[PDB]
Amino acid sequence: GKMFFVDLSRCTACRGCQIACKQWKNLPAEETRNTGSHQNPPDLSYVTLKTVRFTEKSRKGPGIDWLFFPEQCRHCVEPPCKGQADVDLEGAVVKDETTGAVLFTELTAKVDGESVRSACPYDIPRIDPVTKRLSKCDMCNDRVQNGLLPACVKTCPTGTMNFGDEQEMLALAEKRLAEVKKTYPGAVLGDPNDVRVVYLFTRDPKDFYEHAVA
């Protein structure tokens, strides 16, 4: 199976990944206002599968600890979203056995939308109020099964985003974690044994987002 390694210690919050996700899928933009933050859209939605969250933590000395979190579906190895969806209709949520991606099909309008989201410990699924289908990051499985990197991975300039087979990415995550710890001693990996999107947080993952880790 495939896997993301997301090294947040290199992220410049450029939000190229947020736009590249919408460009590839030709997704519409949300109606957004500025409410005191550069973060926008403020949350994932049916037409926003990835948004970069901004969190400012104070630190003594000059500056702050600015924590950037490009949120996306973790593509769990054992996705609980599939277990809750299989209660109503099997086939609405599908696991690609070659890439490991968890995919929502058009039969998710047949299932209880809010139950599937509540089953996800990362609060990832979003439902359209009209078509009642579920939408989320789909790993760009179309590109992956055609030898292309996901749009958000290819567009990232910093090296935050990495993609490949799960074995080589864990070895990269383990090697990078030991190097990042020299500058950020509280560097941790987000549930590396359960998900295929392995974030490297520079500090407490909860400081990045409430549902950064399960």
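A residue's number is simply how far along the shown sequence it sits, counting from 1.
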- Item | Higher-scoring stretch by recorded Cα B factor average, 143 to 151 or 157 to 165 | 143 to 151
- Item | 112 to 120 versus 134 to 142 - which carries the larger mean C-alpha B factor in the record | 112 to 120
- Task: Pull the Cα B-factor of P70 out of the PDB entry and bin it into the chain's lowest, middle or highest third.
- Result: lowest
- Query: Sorting the chain's CA B-factors, does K50 end up in the lowest, middle or highest third?
  - Reply: lowest
- The third of the chain into which the C-alpha temperature factor of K181 falls is the middle
- By its CA B factor, does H38 count among the lowest, middle or highest third of the modelled residues in the chain? lowest
